[PDB]
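*Asks:* Submitted below is the structure of interest, expressed as structure tokens.
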Amino acid sequence: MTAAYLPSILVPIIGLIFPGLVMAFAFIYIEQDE
Amino acid sequence: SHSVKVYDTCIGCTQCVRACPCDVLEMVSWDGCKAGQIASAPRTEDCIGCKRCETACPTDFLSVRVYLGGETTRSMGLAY
Amino acid sequence: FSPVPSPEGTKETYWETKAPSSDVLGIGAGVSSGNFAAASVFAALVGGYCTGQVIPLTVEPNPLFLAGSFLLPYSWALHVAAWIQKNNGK
Amino acid sequence: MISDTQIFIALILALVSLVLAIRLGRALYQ
Amino acid sequence: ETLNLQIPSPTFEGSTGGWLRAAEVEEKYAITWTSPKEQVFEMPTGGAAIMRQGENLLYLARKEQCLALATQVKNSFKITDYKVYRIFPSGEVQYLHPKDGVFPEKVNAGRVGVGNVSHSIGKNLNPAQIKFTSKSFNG
Amino acid sequence: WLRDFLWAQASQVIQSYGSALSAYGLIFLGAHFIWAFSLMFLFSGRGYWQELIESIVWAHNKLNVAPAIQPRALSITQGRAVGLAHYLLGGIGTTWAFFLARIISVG
Amino acid sequence: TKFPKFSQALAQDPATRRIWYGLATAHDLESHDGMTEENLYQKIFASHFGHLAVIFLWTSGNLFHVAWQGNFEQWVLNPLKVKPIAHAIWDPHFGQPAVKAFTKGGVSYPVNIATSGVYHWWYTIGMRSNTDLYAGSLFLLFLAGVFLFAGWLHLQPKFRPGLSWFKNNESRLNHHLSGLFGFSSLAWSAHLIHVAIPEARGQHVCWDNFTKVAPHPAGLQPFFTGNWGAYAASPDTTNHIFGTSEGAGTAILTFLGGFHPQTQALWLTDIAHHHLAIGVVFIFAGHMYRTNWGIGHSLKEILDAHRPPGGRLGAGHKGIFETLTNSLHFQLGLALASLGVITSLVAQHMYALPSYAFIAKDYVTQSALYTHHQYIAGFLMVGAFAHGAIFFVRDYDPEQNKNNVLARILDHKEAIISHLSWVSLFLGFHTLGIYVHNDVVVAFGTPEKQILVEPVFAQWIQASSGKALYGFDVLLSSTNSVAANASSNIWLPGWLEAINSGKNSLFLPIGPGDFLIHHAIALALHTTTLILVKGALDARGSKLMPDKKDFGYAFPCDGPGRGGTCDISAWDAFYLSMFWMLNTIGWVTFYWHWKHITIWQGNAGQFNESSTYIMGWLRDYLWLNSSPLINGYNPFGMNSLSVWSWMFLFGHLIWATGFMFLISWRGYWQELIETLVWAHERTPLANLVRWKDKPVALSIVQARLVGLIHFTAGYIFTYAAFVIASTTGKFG
Amino acid sequence: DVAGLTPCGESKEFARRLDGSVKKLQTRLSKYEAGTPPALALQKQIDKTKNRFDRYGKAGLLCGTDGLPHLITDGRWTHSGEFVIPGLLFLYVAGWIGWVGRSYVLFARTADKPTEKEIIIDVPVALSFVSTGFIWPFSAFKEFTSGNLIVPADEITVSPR
Ligand code: CLA
Ligand code: CLA
Ligand code: CLA
Ligand code: CLA
Ligand code: CLA
Ligand code: CLA
Ligand code: CLA
Ligand SMILES: CC1=CCCC(C)(C)[C@H]1/C=C/C(C)=C/C=C/C(C)=C/C=C/C=C(C)/C=C/C=C(C)/C=C/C1=C(C)CCCC1(C)C
Ligand SMILES: CC1=CCCC(C)(C)[C@H]1/C=C/C(C)=C/C=C/C(C)=C/C=C/C=C(C)/C=C/C=C(C)/C=C/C1=C(C)CCCC1(C)C
Ligand SMILES: CC1=C(C/C=C(\C)CCC[C@H](C)CCC[C@H](C)CCCC(C)C)C(=O)c2ccccc2C1=O
């Protein structure tokens with residue numbers, strides 16, 4: 001595979017950091033009074 | 001809150017008022033029917049939406065109608 | 001809920017009479033019932049003749065017979081217009 | 001075959017599409 | 001008229017069914033009634049309590065709990081002397097029931113009709129007629 | 001459990017046709033049917049069925065053959081009781097047929 | 001307290017119900033607070049640009065992942081032996097046996113094998129290398145950006161269209177028929193003639209040379225002379241090797257019928273002439289309506305004038321024009337019904353008349369494509385009836401529709417609903433009775449007492465198309481007949497060659513098993529139609545709730561009075577018809593898949609004998625074909641079917657979890673949740689943490705939706721794992 | 001024959017069905033002595049099997065490739081005994097049952113307690129009705145044309161809509 005390092009970089013980020021960050025910020029947005 | 005309406009087919013039987021568990025309904029004076037009284041909904045902020053009033057109503061289609069609306073702590077029946 | 005637009009020249013075509021108003025014929029509103037009836041028979045005969053002449057279809061069909069074959073369905077619309085005009089006194 | 005530089009061009013254009021999707025989503029959200 | 005906070009509560013051994021933090025931070029309901037006897041009743045939130053002869057006072061979380069107990073006292077012990085209050089954490093006490101001294105199932109003068117619609121239920125407006133309009137469906 | 005118990009041991013019920021154990025093969029299928037049929041009563045509500053009965057009553061009124069005992073959809077509780085009875089009958093029946101044909105053939 | 005910014009009633013709910021309901025109502029813009037008609041149409045326009053951009057990003061992603069990680073060039077060399085690759089696997093939970101088991105496809109990394117058919121589609125239309133797959137992915141990324149920008153642009157104050165634009169029916173119909181349908185069909189004919197057909201014949205044509213390479217040797221000279229038939233001369237020979245110059249002809253528009261003998265697919269020159277003729281017809285259709293120049297039709301005038309004079313339709317279609325124009329739900333219902341029929345035609349005509357080279361030898365791709373498009377068809381058909389119910393509740397005005405076709409439908413809704421009830425019961429009693437008949441009588445050792453009805457009507461239709469298998473001589477089957485003689489010079493030889501070889505799926509032979517399953521399909525259709533029609537026609541009112549329209553489309557019930565009113569809303573008739581849609585698509589895809597795996601093995605007699613009773617369906621289809629699937633892993637190892645073997649169990653779990661939401665209802669759960677609220681408040685070290693939203697049990701309608709979603713997802717995942725793994729494991 | 005089917009009397013697969021069905025019974029009979037009750041039971045089952053196969057062969061039924069009889073139901077008269085005539089018999093019985101039940105519900109409406117007549121059936125009157133059904137086609141059509149079968153649309157309760 002060409003640029004074979006890309007899955008091992010992007011899959012943890014897309015699979016863990018991206019949902020962890022959207023859950024954190026969605027939680028902040030849905031639990032704010034203003 | 002829930003929205004409770006009384007239509008002018010009410011025969012003034014007071015059954016809705018007695019069946020309401022949250023003292024939402026009461027009887028007021030009205031010349032339209034033979035009983036001289038009609039049901040009223042002055043305290044719908046306390047209505048939990050049980051629809052026991054509609055069950056009690058004997059007119060062919062209900063003179064009292066409950067329309068479930070926005071939920072609050074009172075209308076959700078939450079003791080917490 | 002808001003005004004629905006229609007093209008300019010839109011008129012009312014709802015009818016409960018024996019025949020619709022001649023306005024339902026569009027550009028053919030002024031043609032006589034005899035002229036639609038003769039066009040109806042003419043288009044039916046010419047269209048049927050042209051259709052018949054190319055029923056075994058080949059890789060070389062005569063284009064005039066193909067185009068003339070479209071006169072058969074057009075004749076149906078012509079005799080409907082003839083009935084409409086005869087019942088509107090035209 | 002595809003070079004990694006070609007992959008990087010694709011990633012740039014998808015980044016531009018992400019920026020445009022954010023702007024459209026904010027416009028729809030008002 | 002106002003709730004006398006000093007009225008003795010009916011004897012009760014406690015339960016988990018009582019009120020929670022929402023009562024001390026949002027609102028609480030209180031009910032008082034007169035008993036001619038020192039007799040056992042059932043709490044809306046649990047087991048059995050004993051109402052003391054004289055004046056009793058309870059605290060509950062929901063208005064429906066105070067009225068379910070009121071229905072019970074009237075049906076079994078024939079106690080029609082019950083007054084239901086709402087209490088806010090600010091100390092404000094709000095008299096609730098019976099709202100004008102007379103039970104709602106009995107007519108009273110000076111009651112104004114709320115929610116009364118001049119036509120029958122089949123004469124309401126179709127939803128399409130009042131779409132993108134503020135007009136109410138009750139005619 | 002799926003492969004080595006249910007799949008492997010259902011061989012006797014499903015191959016029982018034409019033998020003395022064909023009754024168990026038929027009851028295996030029939031109980032699968034009754035079990036599935038129960039979900040009609042369990043996932044549904046009374047109001048749909050009363051409104052459907054209204055159109056059926058209309059067709060009877062049209063032919064002047066409506067009954068004097070007015071048809072009703074089953075009560076809410078009875079819809080639950082009928083769903084539970086047919087669920088248990090189908091599930092226990094499916095196991096009854098599976099257990100008996102399997103152990104009669106192999107044991 | 002501000003998430004549902006479009007709903008102040010939900011933004012003030014203090015429970016967890018606010019989050020769920022805010023997520024579930026987000027796209028229902030008509031009900032959002034302070035929504036005008038201007039803003040409703042403009043938000044729908046912008047979100048249609050956003051949906052188009054999502055579709056272009058999905059297509060570019062498939063092209064990119066195949067270009068990057070696929071084996072497209074190796075598959076192109078040897079398409080019947082190589083298994084196409086979808087994308088690579090990078091999963092840090094894999095064991096090393098799992099890494100080895102998924103390293104198929106001729107590559108050095110674990111990989112998924114594609115069941116979508118995109119390889120056969122891209123090969124047939126011209127793609128030959130990875131670099132033009134990558135070129136297509138960058139073009140779709142650009143188009144996605146263009147449509148995201150256009151969606152943003154048409155929300156800007158100067159570029160926001162008025163309602164007068166959004167309701168111009170005649171200009172939109174002219175442009176969508178002549179440009180969106182017709183001209184793009186003409187342009188696809190151009191692509192086939194200029195690129196796909198030349199590269200099907202060995203000659204590369206791309207943007208670098210397509211202006212200096214003529215599609216035809218004569219070249220646009222026969223077109224401008226009327227010598228059009230010179231473009232059909234010298235078609236591809238039956239010795240042609242697709243992709244190469246050997247056996248290749250020079251025709252571009254020839255009509256031959258039948259299949260290319262080696263690809264088993266329709267000729268590319270038939271497809272190019274199809275799209276040329278469709279393009280011409282649709283461009284002509286797109287000049288029907290009057291826009292700005294005084295020729296054409298008013299849609300309002302056509303609708304108003306079509307009232308039959310006998311009076312049987314009442315006022316006819318008077319007032320339908322305004323009703324359809326003002327109701328987006330009526331438009332959605334018509335669009336979804338039309339789309340549902342087409343995606344069913346796509347499923348039926350793509351297995352019987354395949355257009356892509358070497359597909360229909362990919363039994364997994366053929367099975368997945370049929371199943372996929374039939375499930376999409378069932379969802380679109382349910383949605384059409386759901387949005388017709390929403391139309392009657394919300395958008396229908398009985399006073400602008402006096403004595404219409406619509407009002408007269410509602411005027412005889414009990415005649416309609418009771419006759420659907422009768423035909424559903426009529427079909428059900430006897431189809432199930434014959435199936436149980438054959439079951440019981442085969443069980444007692446007497447299969448010759450079965451009731452086996454020959455499907456003579458469909459066999460006669462097959463013979464009318466030229467099938468010489470049932471000895472019916474009517475129409476095309478007769479050597480001498482006006483129908484047979486008329487088509488003899490054009491498509492009839494190739495069509496008879498295609499329909500009288502038993503090597504394809506064109507008009508497959510049918511028998512008593514096909515008769516019984518067709519009646520079961522008819523029972524399933526009429527019953528799903530019953531539930532949906534009953535929901536649409538009783539949506540406005542019934543005898544239990546004569547005022548049902550005042551409560552909306554989706555409300556839980558009217559309470560326990562009047563006997564009980566659970567599932568009384570029109571939404572609950574959508575809910576109930578979703579089970580019957582799943583059941584009917586199950587019966588359809590089970591029938592398609594069993595008939596095809598038995599034919600592909602060479603054992604059609606196994607379907608012929610076992611399909612007439614239900615134990616044949618249970619042991620010879622579900623039980624017999626489960627074994628490669630459930631052995632994807634076992635205590636002795638694992639193979640590449642291990643993922644479908646897991647999805648299979650996964651599907652059984654979700655489906656059963658749906659039962660919990662569908663059988664058990666709210667009151668039980670609210671009382672549990674109150675004991676959990678108490679326990680949290682009384683537990684030390686834990687009551688330091690407090691909820692912002694009061695935990696409540698799900699609502700009645702929400703629980704119905706969640707159970708429906710779990711049921712449906714389990715249904716899809718279980719069958720997808722089965723239909724893919726059993727066909728893969730068997731290869732036949 | 002019809003639809004490429006073969007008459008069951010000359011189908012070879014039908015003959016193999018009959019032979020396999022009899023061998024299966026004969027191998028069960030090979031485990032019993034001559035006069036035993038299981039031997040008489042299986043010999044009577046072999047006679048029944050042979051009789052059924054013989055009757056099917058001579059009836060004009062058509063067999064398939066699987067050797068099982070197939071039914072032709074397109075309306076042709078050479079095959080009316082498989083659907084058209086059983087269907088005529090059914091519709092005569094079903095219309096009888098419907099006509100008789102309808103006559104009893106109309107009788108029960110004119111009763112002192114109409115709903116008690118439906119859970120406690122007046123058996124002499126209901127038997128008077130069951131006997132009348134033999135001429136239901138004529139009675140029901142005369143009922144129809146005399147305006148007593150169909151009630152007009154305005155005496156039927158419908159939903160408000
Ligand atoms: C809808 C399109 C789509 C989908 C479903 C996938 C799916 C996948 N890609 Mg991706 N990919 C796509 C488009 C897509 N691709 C495009 C257009 C590009 C070119 C820029 C890439 C470039 C790319 C790389 C470089 C890699 C993947 C990888 C992967 C795999 C792991 C996920 C990952 O790391 O994502 C990361 C993906 C990206 C950073 C690209 C952006 C994804 C697209 C453009 C966004 C689509 C958004 C969608 C429309 C809306 C989603 C929101 C939804 C909630 C509504 C997975 C099979 C990884 C892989 O192969 O692992 C084995 C990997 O390393 N992809
Ligand atoms: C020629 C001019 C033209 C063209 C090309 C379009 C094109 C389009 N318009 Mg329209 N529009 C026009 C003029 C035009 N418009 C005018 C003049 C007006 C004002 C009166 C409008 C007003 C308008 C509105 C209000 C909206 C559109 C929308 C759309 C888009 C529809 C959604 C879509 O992609 O469907 C694509 C459809 C097709 C490609 C054809 C349908 C195909 C059928 C179903 C079957 C095909 C089968 C075939 C085998 C496919 C094979 C696939 C392959 C994998 C094998 C589409 C891009 C909508 C949209 O999405 O906005 C962004 C929308 O909301 N338009
Ligand atoms: C195996 C499961 C199953 C079965 C058999 C049925 C059967 C039926 N459903 Mg139900 N349904 C089911 C599952 C099932 N459903 C599920 C899971 C759902 C989702 C909640 C629904 C939702 C649903 C709705 C919403 C509707 C139906 C309708 C129907 C009818 C459609 C078929 C028809 O009209 O005639 C087929 C008739 C039969 C199959 C009856 C069988 C004949 C019986 C078995 C006779 C046997 C008598 C026997 C002697 C009894 C022995 C009793 C013993 C104690 C002595 C039929 C009654 C529709 C309806 O009623 O329209 C008329 C309708 O509106 N169903
Ligand atoms: C309402 C009932 C109903 C429905 C929905 C269908 C639906 C279907 N049938 Mg079935 N069929 C039915 C009744 C029905 N059939 C009956 C009663 C018979 C006679 C046994 C057949 C015989 C039959 C054959 C032989 C074939 C089909 C096929 C099909 C399919 C294609 C359409 C077709 O041929 O229609 C057929 C439609 C009719 C025959 C119209 C029936 C309408 C009346 C009202 C039903 C009642 C008739 C009544 C019982 C008989 C009158 C009395 C008579 C005995 C004197 C479709 C699934 C074909 C197919 O694709 O199979 C794979 C096929 O080859 N059907
Ligand atoms: C397969 C179907 C299924 C499943 C999984 C459940 C699951 C459950 N039921 Mg239900 N139920 C079902 C069918 C099912 N039920 C049916 C058909 C009925 C009809 C009568 C009911 C009626 C019912 C009642 C009346 C009661 C339950 C109760 C329970 C709970 C038991 C406590 C427990 O095991 O917690 C552990 C949870 C599980 C075992 C679920 C599976 C989780 C596994 C371990 C995997 C987890 C994966 C992980 C979270 C993934 C994270 C990442 C991901 C988010 C991306 C649990 C939530 C009881 C309850 O709530 O009291 C506690 C209870 O009172 N159920
Ligand atoms: C505890 C036992 C159990 C349970 C509860 C389930 C539950 C399920 N299985 Mg599983 N399964 C099990 C054991 C079980 N399975 C075992 C032991 C095996 C063997 C390893 C399988 C093999 C298996 C396969 C291979 C399939 C399932 C499917 C299903 C689903 C059926 C969904 C539905 O609503 O049916 C709807 C039911 C139908 C649509 C048809 C029912 C099946 C009949 C027998 C065949 C069709 C007959 C004919 C076409 C119609 C006759 C018409 C009528 C008029 C007579 C569901 C998730 C299927 C699925 O996902 O469905 C989409 C599927 O493909 N399972
Ligand atoms: C003899 C009385 C009688 C008569 C004349 C009818 C007549 C009719 N019914 Mg009704 N029906 C009846 C009893 C009757 N029904 C009973 C008892 C039930 C409850 C099971 C139903 C349930 C029912 C449904 C659910 C539907 C009809 C439908 C229909 C119509 C079409 C025929 C049909 O589908 O039959 C179908 C018949 C059944 C499904 C059940 C019949 C069960 C038995 C055989 C009949 C009762 C016999 C009775 C005990 C007579 C005793 C007489 C004695 C005292 C002298 C027609 C209006 C359909 C319709 O509206 O289409 C327009 C429809 O959807 N009926
Ligand atoms: C559902 C949804 C919600 C709201 C409404 C909606 C908007 C219509 C809809 C749409 C959703 C849509 C359409 C969502 C679309 C989402 C998309 C297209 C996301 C694309 C992401 C691409 C990324 C992060 C790549 C970044 C590459 C980089 C940083 C590489 C950089 C570089 C490399 C290494 C090499 C070059 C140099 C540098 C620059 C250094
Ligand atoms: C619920 C609801 C409420 C009100 C609003 C609403 C949205 C409109 C509505 C929804 C309604 C819905 C969802 C309606 C759905 C309607 C559907 C799915 C209709 C299907 C129509 C198919 C037809 C007419 C096929 C005709 C084929 C023919 C004639 C072939 C002929 C032939 C040819 C040419 C070739 C072969 C030979 C033969 C056979 C001779
Ligand atoms: C089908 C169905 C009905 C209608 C079901 C009816 C009217 C039952 C039909 C019984 C008929 C009248 C007789 C047939 C009885 C069987 C032949 C055998 C019954 C055996 C015992 C009754 C003795 C409901 O009322 C209902 C209510 C609440 C939730 C779900 C449902 C539900 O699913």
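Residues are named by chain letter and number: chains run A, B, ... in the order of the structure tokens, numbers start at 1 in each chain, and ligands are numbered from 1 in the order shown.
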Taking only C-alpha atoms and all ligand atoms into account, report as JSON, numbers by chain which residues have an atom no farther than 7 Å from an atom of ligand 9.
*Replies:* {"G": [330, 333, 334, 337, 338, 341, 381, 384, 385, 386, 387, 388, 389, 391, 392, 533, 536]}
*Asks:* Produce as a PyMOL selection string the set of residues near ligand 8, where near means within 9 Å with only C-alpha atoms and all ligand atoms considered.
*Replies:* (chain D and resi 5+7-26+28-29) or (chain G and resi 46-57+141+144-145+148+151)
*Asks:* Please produce a file of the residues just selected, as a CSV table (one decimal), in the first residue's frame, where the atoms kept are N, CA and C atoms.
*Replies:*
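In the end it all went to result09.csv:
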chain,number,residue,atom,x,y,z
D,5,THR,N,1.6,11.9,-2.8
D,5,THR,CA,1.3,13.3,-3.2
D,5,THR,C,-0.2,13.4,-3.7
D,7,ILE,N,-2.7,11.4,-3.0
D,7,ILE,CA,-3.5,11.3,-1.8
D,7,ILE,C,-3.6,12.6,-1.1
D,8,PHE,N,-2.4,13.4,-1.0
D,8,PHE,CA,-2.4,14.6,-0.3
D,8,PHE,C,-3.2,15.7,-1.0
D,9,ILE,N,-3.3,15.7,-2.3
D,9,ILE,CA,-4.1,16.5,-3.1
D,9,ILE,C,-5.6,16.2,-2.8
D,10,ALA,N,-5.9,14.9,-2.7
D,10,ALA,CA,-7.3,14.6,-2.4
D,10,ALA,C,-7.7,15.0,-1.0
D,11,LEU,N,-6.7,15.0,0.0
D,11,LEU,CA,-7.0,15.4,1.3
D,11,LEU,C,-7.2,16.9,1.4
D,12,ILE,N,-6.4,17.7,0.6
D,12,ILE,CA,-6.6,19.1,0.5
D,12,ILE,C,-8.1,19.5,0.0
D,13,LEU,N,-8.5,18.8,-1.1
D,13,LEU,CA,-9.8,19.1,-1.6
D,13,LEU,C,-10.9,18.7,-0.7
D,14,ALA,N,-10.7,17.6,0.1
D,14,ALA,CA,-11.7,17.3,1.1
D,14,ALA,C,-11.7,18.2,2.3
D,15,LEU,N,-10.5,18.8,2.6
D,15,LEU,CA,-10.5,19.9,3.6
D,15,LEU,C,-11.3,21.1,3.2
D,16,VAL,N,-11.1,21.5,1.9
D,16,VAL,CA,-11.9,22.6,1.4
D,16,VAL,C,-13.4,22.3,1.4
D,17,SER,N,-13.7,21.1,1.1
D,17,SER,CA,-15.1,20.7,1.2
D,17,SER,C,-15.6,20.7,2.7
D,18,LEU,N,-14.8,20.3,3.6
D,18,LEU,CA,-15.2,20.4,5.0
D,18,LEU,C,-15.4,21.8,5.4
D,19,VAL,N,-14.6,22.8,5.0
D,19,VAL,CA,-14.8,24.2,5.3
D,19,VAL,C,-16.1,24.7,4.7
D,20,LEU,N,-16.4,24.3,3.4
D,20,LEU,CA,-17.7,24.7,2.8
D,20,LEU,C,-18.9,24.0,3.5
D,21,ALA,N,-18.8,22.8,4.0
D,21,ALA,CA,-19.8,22.1,4.7
D,21,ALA,C,-20.1,22.8,6.0
D,22,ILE,N,-19.1,23.2,6.7
D,22,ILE,CA,-19.3,23.9,8.0
D,22,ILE,C,-20.0,25.2,7.7
D,23,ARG,N,-19.6,25.9,6.6
D,23,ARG,CA,-20.3,27.2,6.4
D,23,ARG,C,-21.7,27.0,6.0
D,24,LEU,N,-22.0,26.0,5.2
D,24,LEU,CA,-23.4,25.8,4.8
D,24,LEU,C,-24.2,25.3,6.0
D,25,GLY,N,-23.6,24.5,6.9
D,25,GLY,CA,-24.3,24.1,8.1
D,25,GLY,C,-24.6,25.2,9.1
D,26,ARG,N,-23.7,26.2,9.1
D,26,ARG,CA,-23.9,27.4,10.0
D,26,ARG,C,-25.0,28.3,9.4
D,28,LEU,N,-27.5,27.2,7.5
D,28,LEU,CA,-28.8,26.6,7.7
D,28,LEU,C,-29.2,26.7,9.2
D,29,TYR,N,-28.2,26.6,10.1
D,29,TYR,CA,-28.5,26.7,11.5
D,29,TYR,C,-29.0,28.1,11.9
G,46,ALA,N,-31.7,24.7,0.5
G,46,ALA,CA,-30.3,24.6,0.9
G,46,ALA,C,-29.9,23.2,1.4
G,47,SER,N,-30.8,22.5,2.1
G,47,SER,CA,-30.5,21.2,2.6
G,47,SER,C,-30.6,20.1,1.5
G,48,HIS,N,-31.3,20.5,0.3
G,48,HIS,CA,-31.2,19.6,-0.8
G,48,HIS,C,-29.8,19.7,-1.5
G,49,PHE,N,-29.2,20.9,-1.5
G,49,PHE,CA,-27.9,21.0,-1.9
G,49,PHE,C,-26.9,20.2,-1.0
G,50,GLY,N,-27.2,20.3,0.3
G,50,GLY,CA,-26.3,19.5,1.2
G,50,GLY,C,-26.5,18.0,1.1
G,51,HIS,N,-27.7,17.5,0.8
G,51,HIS,CA,-27.9,16.1,0.5
G,51,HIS,C,-27.2,15.7,-0.8
G,52,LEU,N,-27.2,16.5,-1.8
G,52,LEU,CA,-26.5,16.2,-3.0
G,52,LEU,C,-25.0,16.1,-2.8
G,53,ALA,N,-24.5,17.0,-2.0
G,53,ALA,CA,-23.0,17.0,-1.7
G,53,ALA,C,-22.7,15.8,-0.9
G,54,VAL,N,-23.5,15.3,0.0
G,54,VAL,CA,-23.3,14.0,0.7
G,54,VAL,C,-23.2,12.9,-0.3
G,55,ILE,N,-24.1,12.9,-1.3
G,55,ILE,CA,-24.1,11.8,-2.3
G,55,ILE,C,-22.8,11.8,-3.1
G,56,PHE,N,-22.3,13.0,-3.5
G,56,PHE,CA,-21.1,13.1,-4.2
G,56,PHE,C,-19.9,12.7,-3.4
G,57,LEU,N,-19.9,13.0,-2.1
G,57,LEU,CA,-18.8,12.6,-1.3
G,57,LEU,C,-18.7,11.1,-1.1
G,141,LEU,N,-15.2,15.2,-5.6
G,141,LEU,CA,-14.9,16.1,-4.5
G,141,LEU,C,-15.1,17.5,-4.9
G,144,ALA,N,-19.0,18.1,-5.1
G,144,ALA,CA,-19.5,18.2,-3.7
G,144,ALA,C,-19.2,19.6,-3.2
G,145,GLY,N,-18.0,20.2,-3.4
G,145,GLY,CA,-17.7,21.5,-3.0
G,145,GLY,C,-18.6,22.6,-3.7
G,148,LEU,N,-22.1,22.3,-2.1
G,148,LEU,CA,-22.1,22.9,-0.8
G,148,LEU,C,-22.1,24.4,-0.9
G,151,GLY,N,-25.5,25.7,-2.1
G,151,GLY,CA,-26.5,25.6,-0.9
G,151,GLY,C,-26.2,26.8,0.0
*Asks:* According to DSSP computed on the backbone, where in chain B is there strand (DSSP E)? Give the residues as a ChimeraX atom specification.
*Replies:* /B:3-7,26-29,37-40,64-67
*Asks:* Output the neighbourhood of ligand 5 as a list in words, that is, all protein and nucleic acid residues with some atom at most 8 Å from the ligand, counting only C-alpha atoms and all ligand atoms.
*Replies:*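 The neighbouring residues of ligand 5 are, in order, residues 652, 653, 654, 655, 656, 657, 658, 659, 660, 661, 662, 663, 664, 668, 669 and 672 of chain G.
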*Asks:* Go ahead and write the selection's residues with C-alpha atoms as a compact mmCIF listing (two decimals), in the first residue's frame.
*Replies:*
# COMPACT_ATOMS: atom_id res chain seq x y z
CA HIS G 652 -30.17 -11.49 16.16
CA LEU G 653 -29.29 -9.37 19.18
CA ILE G 654 -30.60 -6.00 17.97
CA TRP G 655 -33.81 -7.56 16.69
CA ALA G 656 -34.50 -9.17 20.02
CA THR G 657 -33.60 -6.02 21.92
CA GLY G 658 -36.35 -4.38 19.88
CA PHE G 659 -38.82 -6.74 21.52
CA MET G 660 -38.07 -5.13 24.88
CA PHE G 661 -39.25 -1.77 23.62
CA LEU G 662 -42.22 -3.27 21.82
CA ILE G 663 -43.60 -5.61 24.49
CA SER G 664 -42.90 -3.77 27.76
CA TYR G 668 -42.95 -0.29 34.59
CA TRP G 669 -39.84 1.56 33.53
CA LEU G 672 -37.78 1.51 38.15
*Asks:* Show me which bits of chain G are within 8 Å of chain A, counting only C-alpha atoms, as number ranges by chain.
*Replies:* G: 1-3, 19, 68-69, 90, 692
*Asks:* Around ligand 10, at most 10 Å away and counting only C-alpha atoms and all ligand atoms, which residues are there? Put them as a VMD selection string, please.
*Replies:* (chain F and resid 37 to 50 52 to 53 71 to 83) or (chain G and resid 564 to 567)
*Asks:* Quick one: DSSP helix (DSSP H, G or I) residues in chain A, as a list in words?
*Replies:*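 Written out, the helix (DSSP H, G or I) residues of chain A are residues 5, 6, 7, 8, 9, 10, 11, 12, 13, 14, 15, 16, 17, 18, 19, 20, 21, 22, 23, 24, 25, 26, 27, 28, 29 and 30 of chain A.
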*Asks:* If you measure from CA of residue 679 in chain G to CA of residue 14 in chain E, what distance in Å do you get, rounded to one decimal?
*Replies:*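 Computed distance, CA of residue 679 in chain G to CA of residue 14 in chain E, equals 16.4 Å.
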